[PDB]
Amino acid sequence: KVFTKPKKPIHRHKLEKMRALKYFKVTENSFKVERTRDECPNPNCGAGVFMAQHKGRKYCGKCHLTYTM
Amino acid sequence: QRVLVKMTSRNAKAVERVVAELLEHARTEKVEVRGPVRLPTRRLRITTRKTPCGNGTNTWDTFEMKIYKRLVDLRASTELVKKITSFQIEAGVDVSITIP
Amino acid sequence: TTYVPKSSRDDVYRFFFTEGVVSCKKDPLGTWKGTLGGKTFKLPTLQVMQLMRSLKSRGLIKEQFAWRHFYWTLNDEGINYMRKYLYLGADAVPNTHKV
Amino acid sequence: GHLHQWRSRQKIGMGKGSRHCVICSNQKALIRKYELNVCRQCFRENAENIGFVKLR
Amino acid sequence: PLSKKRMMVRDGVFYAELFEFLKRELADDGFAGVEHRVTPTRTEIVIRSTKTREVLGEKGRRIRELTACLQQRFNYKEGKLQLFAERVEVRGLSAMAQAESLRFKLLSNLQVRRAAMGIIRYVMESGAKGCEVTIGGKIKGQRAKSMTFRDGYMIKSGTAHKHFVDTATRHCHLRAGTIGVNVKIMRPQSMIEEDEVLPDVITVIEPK
RNA sequence: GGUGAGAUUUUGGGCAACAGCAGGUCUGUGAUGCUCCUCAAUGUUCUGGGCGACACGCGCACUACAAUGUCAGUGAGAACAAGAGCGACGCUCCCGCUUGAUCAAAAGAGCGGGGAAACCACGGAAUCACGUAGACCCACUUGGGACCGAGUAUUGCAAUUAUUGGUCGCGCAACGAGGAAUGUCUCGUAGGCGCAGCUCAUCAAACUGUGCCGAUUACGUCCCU
RNA sequence: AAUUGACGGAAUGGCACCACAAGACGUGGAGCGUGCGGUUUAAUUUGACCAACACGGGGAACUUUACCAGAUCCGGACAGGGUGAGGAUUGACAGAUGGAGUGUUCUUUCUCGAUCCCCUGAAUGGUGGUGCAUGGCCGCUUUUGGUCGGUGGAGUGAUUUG
Ligand SMILES: [K+]
Ligand SMILES: [K+]
Ligand SMILES: [K+]
Ligand SMILES: [K+]
Ligand SMILES: [K+]
Ligand SMILES: [K+]
Ligand SMILES: [K+]
Ligand SMILES: [K+]
Ligand SMILES: [Mg+2]
Ligand SMILES: [Mg+2]
Ligand SMILES: [Mg+2]
Ligand SMILES: [Mg+2]
Ligand SMILES: [Mg+2]
Ligand SMILES: [Mg+2]
Ligand SMILES: [Mg+2]
Ligand SMILES: [Mg+2]
Ligand SMILES: [Mg+2]
Ligand SMILES: [Mg+2]
Ligand SMILES: [Mg+2]
Ligand SMILES: [Mg+2]
Ligand SMILES: [Mg+2]
Ligand SMILES: [Mg+2]
Ligand SMILES: [Mg+2]
Ligand SMILES: [Mg+2]
Ligand SMILES: [Mg+2]
Ligand SMILES: [Mg+2]
Ligand SMILES: [Mg+2]
Ligand SMILES: [Zn+2]
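Residues numbered from 1 in each chain as written, not as in the entry; some residues may be left out. Chains lettered and ligands numbered in written order. Part of a larger assembly, values for the part shown. Heavy atoms only, no water. Residues with missing side-chain atoms left out of burial classes, pairs and counts.

The name given to chain E in the PDB entry is 40S ribosomal protein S3, putative, with the source organism recorded as Trypanosoma brucei brucei. Per the PDB record, the entry is named "CRYO-EM STRUCTURE OF TRYPANOSOMA BRUCEI PROCYCLIC FORM 80S RIBOSOME : PARENTAL STRAIN". Listed under Sequence similarities (unreviewed entry) in UniProt, the entry text for chain E is "Belongs to the universal ribosomal protein uS3 family." (UniProt positions renumbered as here; feature names shortened; annotations may be inferred.)

If you check the PDB entry, chain C appears there as 40S ribosomal protein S10, putative from Trypanosoma brucei brucei. Its UniProt record gives chain C a comment under Subcellular location (unreviewed entry), which states: "Cytoplasm". Quoted straight from UniProt, the Sequence similarities (unreviewed entry) entry for chain C says "Belongs to the eukaryotic ribosomal protein eS10 family."

Put into structure tokens, the structure is as follows:
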């Protein structure tokens with residue numbers, strides 16, 4: 001009846017407002033658009049999936065494939 | 001031993017009518033038959049306590065199922081066998097045809 | 001596992017309307033199989049139960065149960081709802097409605 | 001990884017906990033003879049329809 | 001290939017489940033039994049009923065719904081299962097039909113004695129040799145009891161009474177608890193085989 | 001008494017009226033009224049413990065206290081039954097014959113059979129028998145096998161609080177026929193002896209059946225209940 | 001004062017190896033297996049006291065499991081209000097945290113894309129209680145020979161005859 005421990009928090013999803021403004025850079029060079037992230041080489045993922053680029057590793061959201069520097 | 005016809009059922013009367021009328025078709029065509037063989041009859045048994053809770057005198061129930069089997073041997077050409085056994089079967093009788 | 005993707009919901013609804021009856025087995029570790037003119041599809045048993053439970057809370061489903069098995073049938077209100085949802089023509093009816 | 005843990009032991013499929021009565025899903029006092037898998041209380045009610053008769 | 005004794009058990013288990021599914025579904029309609037037969041081309045199932053039109057439904061909608069239920073449950077191939085409906089010649093000689101009719105009357109807030117006497121009177125007019133209706137539960141206030149209503153002949157011992165007496169039991173769920181009803185009907189002629197005499201009746205033929 | 005395979009409900013079962021009991025079961029059910037909990041849950045799942053823990057009292061079994069025996073050999077000999085499609089390309093159950101084997105049991109491995117009157121199987125069960133010219137000789141003894149130590153193989157995802165089998169030790173643990181009291185039983189029965197099914201991945205001193213050897217006493221009474 | 005039961009160390013006639021007589025083999029004394037009580041325990045889950053006690057088909061390693069110490073999930077449908085494609089929400093590699101080299105939660109930033117999320121009602125599930133609120137089933141009274149109307153007779157009547 002007495003727990004003697006702090007209550008479990010619940011995770012909840014962190015919101016990145018306008019997250020799609022990153023991953024894309026446009027230059028005047030009519031504009032030229034290039035991607036600032038790398039795509040997952042896994043065949044099942046495709047060209048629409050990006051890599052997390054953590055501080056020290058690159059991570060895929062769905063395949064969970066990781067590349068460490 | 002060209003064709004073996006095996007019939008099994010849980011109804012004694014039903015399995016006898018199927019055997020008798022099958023012999024009727026064979027005789028009406030004049031195909032030789034080795035007389036029907038009455039294989040041993042089997043009894044399946046299950047014994048359980050009568051009570052649903054386990055109180056009182058320990059009494060038991062015995063349940064039984066009887067299975068009857070008959071065997072008929074026919075020596076006839078290929079297309080003749082299908083004609084002989086084409087008739088419809090009563091409910092609850094299983095008929096199998098085997099070529100040894 | 002009770003989180004139903006939209007694609008699976010549409011396939012189950014389309015199978016339901018075409019046949020008019022869906023039968024399932026009460027088993028948490030189970031898989032439900034169905035076909036839509038060939039092209040068989042599968043989804044967990046828990047997702048099928050969630051979709052039918054929501055439909056039954058609304059007045060669109062009749063339910064029966066016997067020997068660890070569900071039996072679901074669409075009624076007239078459910079037929080109307082499924083027609084708007086799937087964007088079918090007003091002349092469309094399930095099977096078992098055709099002689 | 002909570003879904004990998006959700007019903008891990010029930011997925012193994014061995015012992016008394018993997019068998020259910022095919023009528024009521026109870027796990028106590030099953031009749032496994034001839035692969036019936038019916039509990040002893042449900043068998044007495046459905047024995048006539050299955051085909052068992054009290055004679056002796 | 002399963003052995004013969006395993007196949008016989010499997011057929012009995014299939015029939016018991018089909019019987020239970022039909023009596024739950026076809027409750028509130030006259031349900032009297034089901035016959036199942038296997039043919040080389042398909043499988044035929046005949047449903048006996050007192051209200052055949054209720055079983056069939058508009059056109060054949062209800063009977064086609066029942067076919068779709070069974071086909072999916074037992075993985076029957078398309079065109080390999082067929083269902084039929086036939087009517088009972090005498091409705092009043094069916095214990096299953098009478099028990100479900102009594103349960104409907106009790107749910108409709110009727111007096112226990114008046115409801116029971118109605119079923120017995122109808123059965124006797126139908127041509128039965130005897131009838132027995134038993135009701136038990138909280139018929140009065142807060143303390144359970146049971147009543148019985150009888151008419152005509154009835155036999156209770158031996159084995160021959162199973163060929164002549166038809167019985168059925170049902171549960172009625174009222175707002176204060178459950179009430180059970182049991183109906184027994186003694187029929188002329190045997191349910192197993194016709195032209196069968198009673199076990200202890202001797203007749204002497206008149207001389208020519 | 002006769003006739004008879006059988007001579008009195010033929011012998012064993014199953015079924016079994018009318019009235020009841022505050023007998024048992026809400027731990028069988030998608031039987032069920034009121035009531036309680038209901039998102040740090042009395043729902044559900046996962047990990048680990050417990051249900052068995054031990055100064056004692058009681059019911060029911062198994063093994064004995066030995067010679068009408070124990071041990072070691074040889075001989076003949078039954079019935080009821082059972083057996084295979086989730087998780088790992090078929091398979092998954094039950095058996096037999098070889099081999100392992102130029103050296104224990106228990107294993108392991110090849111080749112086959114059976115959907116069961118077609119395999120196991122000519123179904124080599126244990127009491128039993130033997131003129132076996134076998135061992136022991138009245139003692140807690142080669143009676144009895146509790147308790148405990150050490151090595152091994154198998155079932156299982158997991159064997160410690162020993163799963164089970166097999167091997168060598170321990171046998172100096174009681175026990176030498178059991179006070180008052182008390183159970184069941186009348187003919188293929190009592191008692192004795194094993195075997196199968198069931199529960200079952202692995203475990204039967206239990207229960208449900210089956211056969212084998214096979215008696216003494218009574219054919220009455222209302223003294224006790 | 002009468003009637004029906006029950007009872008009597010009051011009579012009459014019968015019956016039963018769950019009674020005895022004539023006997024057989026045992027149990028009660030020993031070791032051990034199992035069930036019950038008690039004691040112990042975080043917990044040793046619990047029903048039942050001739051007609052409970054190898055009974056609940058109850059020979060429980062995990063599961064079973066109902067008890068104890070902890071950790072997860074929503075399987076709270078549906079209705080109303082609110083956030084919400086300028087993103088409501090799901091999942092997760094690596095490091096710490098938890099017993100836990102398959103995100104329980106935290107740091108980090110990818111993935112999914114209206115399936116949810118927060119609040120209020122309601123609803124579900126429960127081997128939770130109550131068998132003295134019940135149905136069904138079973139045991140026992142009770143292994144013996146017993147039970148009931150219709151019409152008629154007797155009695156003011158309860159009742160009796162049959
Ligand atoms: K209840
Ligand atoms: K116990
Ligand atoms: K005791
Ligand atoms: K037992
Ligand atoms: K007498
Ligand atoms: K008794
Ligand atoms: K009761
Ligand atoms: K009278
Ligand atoms: Mg009679
Ligand atoms: Mg009789
Ligand atoms: Mg010895
Ligand atoms: Mg040894
Ligand atoms: Mg030893
Ligand atoms: Mg010694
Ligand atoms: Mg007086
Ligand atoms: Mg006595
Ligand atoms: Mg003793
Ligand atoms: Mg008694
Ligand atoms: Mg054990
Ligand atoms: Mg646990
Ligand atoms: Mg629970
Ligand atoms: Mg429940
Ligand atoms: Mg009660
Ligand atoms: Mg009650
Ligand atoms: Mg009671
Ligand atoms: Mg008795
Ligand atoms: Mg009178
Ligand atoms: Zn990827």
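### Quick look at the interface of chain E and chain D
Chain E puts 8 residues into the contact, and the matching count from chain D is 5 residues. In total, about 700 Å² of surface goes out of reach between chain E and chain D, with carbon and sulfur atoms giving 71% of it. Three residues stand out in chain E for area buried against chain D, namely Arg6, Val9 and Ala16 of chain E, and they jointly supply 50% of the buried area on that side. Where chain E touches chain D, the interface holds 0 salt bridges. The interface formed by chain E and chain D contains 0 residue pairs in polar contact. Tallied by class, the residues present in the side of chain E that touches chain D amount to 5 nonpolar, 1 polar and 2 charged. (Contact = heavy atoms within 4.5 Å. Buried area = accessible area lost by both parts, 1.4 Å probe. Salt bridge = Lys/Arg side-chain N within 4 Å of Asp/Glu carboxyl O. Polar contact = N/O pair within 3.5 Å; in protein donor to acceptor, adjacent residues only side chain to side chain. Nonpolar A, V, L, I, M, F, W, Y, C, P; charged D, E, K, R; others polar.)

### Some points on the coordination of the zinc ion (ligand 28)
All names here are of chain A. The protein atoms that coordinate the zinc ion (ligand 28) are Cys40 (SG), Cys45 (SG) and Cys60 (SG), at distances spanning 2.3 Å. One chain supplies every donor for the zinc ion (ligand 28), spaced along it as C-x4-C-x14-C. Taken together, the residues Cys45 in the loop between strand 2 (32–34) and strand 3 (57–59) and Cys60 in the loop between strand 3 and strand 4 (66–68) connect sequence positions 15 residues apart. (Donors = N, O, S within 2.8 Å, 3.2 Å for Na, K, Ca; no water. Helix = DSSP H or I, 4+ residues; strand = E, 2+ residues; numbered from the N terminus.)

### With respect to the arrangement of the chains
Contacts are most numerous between chains B and D, considering all 5 pairs of chains that are in contact. In this structure chain A stays clear of chain B, and the shortest span between their C-alpha atoms is 37 Å.

### What to know about the environment of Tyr81 of chain C
Residues and elements named next belong to chain C. Relative to the helices and strands, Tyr81 is located in helix 3 (residues 76–86). Each C-alpha atom of the pair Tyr81 and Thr18 lies 14 Å from the other, and the pair is 63 residues apart in sequence. Among all residues touching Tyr81, those that are not within four sequence positions of it are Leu55, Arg58 and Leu60.

### Some words on the interface of chain B and chain D
The interface of chain B with chain D comprises 15 residues on the first partner and 15 residues on the second. Across the chain B to chain D interface the summed buried area is about 1500 Å²; carbon plus sulfur atoms make up 56%. Contact with chain D buries surface across chain B, with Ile46, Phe63 and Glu64 of chain B losing the most and accounting together for 38% of the total. Counting every contact that joins chain B to chain D gives 2 salt bridges. Between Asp61 of chain B and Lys54 of chain D there is a salt bridge, with its nearest N and O atoms 2.4 Å apart.

### Let's talk about the protein's contact with RNA strand G
Neighbouring RNA strand G are 75 residues, the closest being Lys8 and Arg57 of chain A, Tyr3 and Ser54 of chain C together with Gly1 of chain D. Protein-adjacent atoms of RNA strand G, using a 4 Å cutoff, are sugar or phosphate at a proportion of 68%. Between RNA strand G and the protein, one listed contact pairs a base oxygen with a side-chain N or O atom of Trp6 of chain D at 3.0 Å. Counting residues per element, the ones that place at least two in the surface near RNA strand G are strand 3 of chain A, strand 3 (42–49) of chain B, helix 1 (6–19) and helix 2 (45–57) of chain C, strand 1 (30–31) and helix 1 (40–50) of chain D together with strand 4 (130–137) and strand 7 (177–186) of chain E. Of all the elements, helix 2 of chain C adds the most residues to the surface near RNA strand G, at 5 residues. Considered class by class, the residues forming the surface near RNA strand G number 21 nonpolar, 31 polar and 23 charged. (Near = heavy atom within 4 Å.)

### Brief notes about the packing of aromatic side chains
This structure, assessed with the given rule, holds 14 aromatic pairs over all chains. Judged by centre distance (5.8 Å) and plane angle (70°), the rings of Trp32 of chain C and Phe41 of chain C are edge-to-face. Each member of the pair, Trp32 of chain C together with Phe41 of chain C, is buried. Residues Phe14 of chain E and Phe74 of chain E carry aromatic rings whose centres are separated by 4.8 Å and whose planes lie at 65° to one another, so their mutual orientation is edge-to-face. Linking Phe14 of chain E in helix 1 (residues 4–25) with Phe74 of chain E in the loop between helix 3 (61–73) and strand 3 (81–87), this pair joins segments that are 60 residues apart in sequence. Given a relative accessible area of 24%, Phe74 of chain E falls into the partly exposed group. Here the aromatic residues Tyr23, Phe24 and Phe50 of chain A are joined through ring pairs into a cluster of three or more. (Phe/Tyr/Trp six-rings, centres within 6.5 Å; stacked < 30°, edge-to-face > 60°. Buried < 20%, exposed > 50% of the residue type's maximum accessible area, 1.4 Å probe, protein only.)

### Some thoughts on empty space enclosed by the protein
One number sums up the size of the largest cavity: a volume of about 40 Å³. Lining the largest cavity, in full, are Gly20, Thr73, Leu74, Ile79, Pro94, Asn95, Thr96 and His97 of chain C together with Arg61 and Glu65 of chain E. When contributions to the lining of the largest cavity are tallied by element, the ones reaching two or more residues are strand 5 (69–74) of chain C together with helix 3 of chain E. Along the lines of polarity and charge, the residues of the lining of the largest cavity split into 3 nonpolar, 5 polar and 2 charged. (1 Å grid on protein atoms, 1.4 Å probe; cavity = no way out; pocket = protein on both sides within 12 Å on 5 of 7 lines; lining within 4 Å. Points joined across faces, edges and corners; volume = space filled by probe spheres on them.)

### Points about the pattern of salt bridges
Summed over the entire model, instances satisfying the criterion amount to 30 salt bridges over all chains. Residue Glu16 of chain A pairs with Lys22 of chain A through a salt bridge whose shortest N-O separation is 3.6 Å. Residue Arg61 of chain E is joined to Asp76 of chain C by a salt bridge in which the shortest nitrogen-to-oxygen separation is 3.7 Å. Taken together, the residues span two chains, with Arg61 of chain E in helix 3 and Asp76 of chain C in helix 3. What makes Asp76 of chain C partly exposed here is its relative accessible area of 44%. The network of salt bridges with shared partners includes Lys62 of chain C together with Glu25, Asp29 and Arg62 of chain E.

### Considering the protein's contact with RNA strand F
Neighbouring residues of RNA strand F: 58 residues in total, closest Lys26 and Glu63 of chain C, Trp6 and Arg32 of chain D together with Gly158 of chain E. In RNA strand F, atoms within 4 Å of the protein come 64% from sugar and phosphate. Side-chain polar atom of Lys54 of chain D to a phosphate oxygen of RNA strand F: 2.9 Å apart, as the coordinates give it. In this structure, a base nitrogen belonging to RNA strand F sits 3.1 Å away from a main-chain N or O atom of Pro1 of chain E. Breaking the surface near RNA strand F down by element, the ones donating at least two residues are strand 3 and strand 4 (60–74) of chain B, strand 4 (61–65) of chain C, helix 1 of chain D together with helix 1 of chain E.

### Brief notes about a negative patch on the surface
The grouping of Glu193, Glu194, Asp195 and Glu196 of chain E at the surface amounts to a negative patch. Secondary-structure assignment places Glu193 of chain E in the segment after strand 7. (Patch = residues over 30% accessible without salt bridge, like charges linked within 9 Å, V, L, I, M, F, W, Y side chains within 5 Å. Areas by Shrake-Rupley, 256 points an atom, 1.4 Å probe, with all protein chains shown as cover. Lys, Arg positive; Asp, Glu negative; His and termini not counted. Charge placed at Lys NZ, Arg CZ, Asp CG, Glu CD.)

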